[PDB]
Structure formats: structure tokens, C-alpha cells
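Asks: Let me begin by handing over the structure; questions about it come next.
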Amino acid sequence: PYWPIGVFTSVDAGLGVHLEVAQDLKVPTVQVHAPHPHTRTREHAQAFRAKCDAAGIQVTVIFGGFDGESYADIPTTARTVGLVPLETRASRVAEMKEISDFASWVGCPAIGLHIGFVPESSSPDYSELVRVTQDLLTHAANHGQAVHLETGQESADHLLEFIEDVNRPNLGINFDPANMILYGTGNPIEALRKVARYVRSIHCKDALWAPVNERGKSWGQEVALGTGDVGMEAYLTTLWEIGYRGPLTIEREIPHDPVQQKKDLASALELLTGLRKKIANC
Ligand SMILES: [Cl-]
Ligand SMILES: [Mg+2]
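In terms of PDB author numbering, the sequence shown is residues 6 to 287.
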């Protein structure tokens, strides 16, 4: 079946709803933020796969996230997030490999990462970043896994350049159109067309642009699915055209307001279900 709906969940770490909420909503699939280090063993992975099995839920992607990452503002994100910052790089690379091990024990084919703010290709740290990415891709390949880059601050052109430089068959994209509005970088539907051949999974999330003069400086604003500037019908109709049949994974990050987060997941589910019926005929 095309476009099974999903929600982005957390066991402990991360901004997703708990699995019990995915169950209540009766979604068939989830993406999962990887658990904290102490909850990451093989015995934990086997318990988690048993829990998803009992719930009738398939885990499509397991996402990395790390201590010391801060999204507080755009400059802090560039400074603290992903594999890019030098201080935390070795530690986060090793963590992504443990997350790959955990995903393998769980039986999940893919892991995902916001790699951070990718340097200009002329930069000396660019090449080092390519080399750690290739290294992580080898580790994942040995598990039969793909790595999906989460949509970042990079323009679609820069991202394509990076992907082309890494040049590995198991590297792909988790496409998040709201992120490009939040960073204020470029029109998300146009970027989707440009990167189409690398898209392996997606997030359905919405956002409002920052004021014109504040783009790339102040964050835009994340809002309930369909109430923002993405164009949900435009996004889904374009996904259909490029051949994407995989899960539509709803992401709404307001775990601080669990009740409203669940409400927005439920209205998102209704909106996507109607659009799926119209566009995909199911
Ligand atoms: Cl295209
Ligand atoms: Mg996302």
C-alpha cells in the first residue's frame, strides 16, 4: 500500500511522541529517535522490536541525536549540531555507529541524521566531513542499512554536491520541507524536485517563513500541518510525480505540550488521509 502514514516517535531521547500514542492513532509505521546510550543495548533493542511487533507497528528509520546539540537559534545550530562541530565529532560518529548497531538488532533498514552545517567544498574541513560520512556509510552497509540525511540549512545545490562527493549507494535523504522554511534558505518544493533521486523517506511538517529581512537569521515558525507555508497538496502531488511511494511520517515537535502535540498529529493524519485518497487513490 502506498503512503502508509507514520508518526515520529521517541523511546526516551528526542522530541517524538511515545509509541503508545502512535498505537492509539493506529498508524502502521513510525520513525524513532534513537534511545539514550544506556538504553541502547541488544537486550533493549530486542524488547523494543517486541513492543512494536505487539503493537502492529513497523519501524522505518531510527534517527540520531546527541548530547550538547542546541537549536536555540540559527548560529547555535551551526555551532553545536551534527557531525560538523569538531569537539564532539569523534563522539558523535561513534554514537551513530552504536545507533546503527541498535537499528540492526531492531531490524530497521535505515538510520537518519542531521549532519550539521555542511562547509563550502573549498574548505579544508569539507574533505574531513566527507571522510567520516563515508566511514559511517561503510558501517551501515555492513548492516544492510542506508543513511538518510535530514534536510538542513544547505541549499539543494550544496546538498547535491555533498552527496555526489560522498558517492555511496546507501546514502539518501530524509526530506523535510518545513526545515527549509525554518532556516529561510529556499523554496522546499523546488528543492524536492532537484534532489528527487536521493529521497528515501520524508517528514510531513509545516512552517511559516520568517519576515523577509530575517530569513536565515531568525527561525521561521513551525505550525500545525496545513496551516503553514509548505503547501501540503503541492508537496504530496510533487512526491507522487517523482515516484515516492514510502511512508508519510508526520513530525510535530512540541513534546512540551503532549496533548496539543497529539491533537496536531490527529488533524495531520486526517489531512494526509484525504490527500492520499485523492492523489494516490488509497
Ligand atoms: Cl524532478
Ligand atoms: Mg524532520
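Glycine included, C-beta positions come from ideal geometry on N, C-alpha and C.
Just jot down, in chain order, the residues whose CB lies closer than 5 angstroms to any heavy atom of ligand 1.
Replies: Here the residues come out as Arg198, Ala201.
Asks: Please state whether the Cβ-Cβ distance between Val137 and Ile178 is less than 8 angstroms.
Replies: No, Cβ-Cβ distance for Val137 and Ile178 is not below 8 angstroms.
Asks: Quick check on the DSSP output: the beta strand (DSSP E) that includes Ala196 runs from which residue to which?
Replies: Here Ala196 belongs to no beta strand (DSSP E); instead the alpha helix (DSSP H) covers 193–200.
Asks: How far does the beta strand (DSSP E) with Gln63 in it reach, from first residue to last?
Replies: 63–68 is the extent of the beta strand (DSSP E) around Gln63.
Asks: Indicate, with yes or no, if ligand 2 has a heavy atom lying under 7 angstroms from the CB of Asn147.
Replies: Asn147 Cβ: outside cutoff for every heavy atom of ligand 2.
Asks: Reducing DSSP to helix, strand and coil, say where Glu92 ends up.
Replies: Looking at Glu92 - three-state DSSP - the assignment turns out to be coil, as it is neither helix nor strand.
Asks: Between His153 and ligand 2, is there a pair consisting of the residue's CB and a ligand heavy atom that are separated by less than 7 angstroms?
Replies: It does not: the Cβ of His153 is nowhere closer than 7 angstroms to a heavy atom of ligand 2.
Asks: Comparing C-alpha positions only, which one of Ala212, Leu197, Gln226, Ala108 sits nearest to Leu241?
Replies: Among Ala212, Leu197, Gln226, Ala108, the Cα nearest to that of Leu241 belongs to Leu197.
Asks: State whether the region 47–62 contacts the region 79–99, with contact taken as three or more CB pairs (one from each stretch) at a distance under 8 angstroms.
Replies: Verdict: no, contact absent.
Asks: Given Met237, which residues of its chain have a CB within under 6 angstroms of its CB, disregarding the five upstream and five downstream residues?
Replies: Once the five neighbours on either side are set aside, the close Cβ partners of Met237 are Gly231.
Asks: Output needed for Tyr7: all residues of its chain with C-beta closer than 7 angstroms, excluding positions within five of it in sequence on either side, in chain order.
Replies: Result list for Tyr7: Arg250, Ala285, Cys287, in chain order.
Asks: What residue range does the alpha helix (DSSP H) around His144 cover?
Replies: 129–146 is the span of the alpha helix (DSSP H), which, as asked, contains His144.
Asks: Which runs of the beta strand (DSSP E) spanning at least 3 residues fall entirely within the region 215–265, listed in chain order?
Replies: Runs found: 226–228, 253–255.
Asks: Under 6 angstroms Cβ to Cβ from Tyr131, same chain only, skipping five residues before and after it: list those, please.
Replies: So the qualifying residues of the chain are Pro124.
Asks: Can you give me the Cβ contacts of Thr243 inside the same chain, cut-off strictly under 7 angstroms, excluding the 5 residues immediately before and after it?
Replies: Result list for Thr243: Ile194, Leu197, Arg198, in chain order.
Asks: Sorry if obvious, but does the Cβ on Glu256 come closer than 7 angstroms to a heavy atom of ligand 3?
Replies: This structure lacks ligand 3; the ligands present are ligand 1 and ligand 2.
Asks: Once the 5 residues before and after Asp17 are set aside, which same chain residues still bring their CB inside 8 angstroms of it?
Replies: Same-chain partners within the cutoff: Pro40, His41, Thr44.
Asks: Closer than 7 angstroms: is that where the CB of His208 sits relative to any heavy atom of ligand 2?
Replies: Because some heavy atom of ligand 2 lies under 7 angstroms away, the Cβ of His208 counts as near it: yes.
Asks: Take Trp110 and list the residues in its own chain whose beta-carbon comes closer than 6 angstroms to its own, dropping the five residues that flank it on each side.
Replies: Within the same chain, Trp110 has close Cβ partners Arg47, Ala50.
Asks: Just checking my contact of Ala183 with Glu227 at CB under 8 angstroms: how many whole Å lie between their CB atoms?
Replies: That pair is a contact at about 6 angstroms.
Asks: With H, G and I counted as helix, E and B as strand and the rest as coil, what does DSSP make of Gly279?
Replies: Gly279 falls in the helix class under three-state DSSP.
Asks: What I want to know is whether the C-beta of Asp181 ends up closer than 7 angstroms to one or more non-hydrogen atoms of ligand 2.
Replies: Under cutoff, so the answer is yes.
Asks: Straight-line CA distance for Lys102 to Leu141?
Replies: Taking the straight line joining both Cα atoms gives about 7 angstroms.
Asks: Between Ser223 and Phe107, what straight-line distance do the alpha-carbon atoms span, to the nearest angstrom?
Replies: Going by the C-alpha atoms only, they are around 36 angstroms apart.
Asks: If we count the other Cβ atoms within 10 Å of its Cβ and call it buried at 16 or more, is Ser206 buried or exposed?
Replies: That one is buried.
Asks: In the DSSP assignment, the beta strand (DSSP E) including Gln36 goes from what residue to what residue?
Replies: Note, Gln36: beta strand (DSSP E), 34–38.
Asks: For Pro252, count neighbouring C-beta atoms within 10 Å of its own C-beta (all shown protein chains included) and say buried if the count is 16 or more, exposed if not.
Replies: Per the 10 Å Cβ criterion, buried.
Asks: Rounding to the nearest angstrom, what Cα-Cα distance links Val135 and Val26 in this structure?
Replies: Looking at the two C-alpha atoms, the distance is approximately 38 angstroms.
Asks: Quick check: is any heavy atom of ligand 2 less than 7 angstroms from the C-beta of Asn286?
Replies: Answer for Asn286: no, Cβ out of range of ligand 2.
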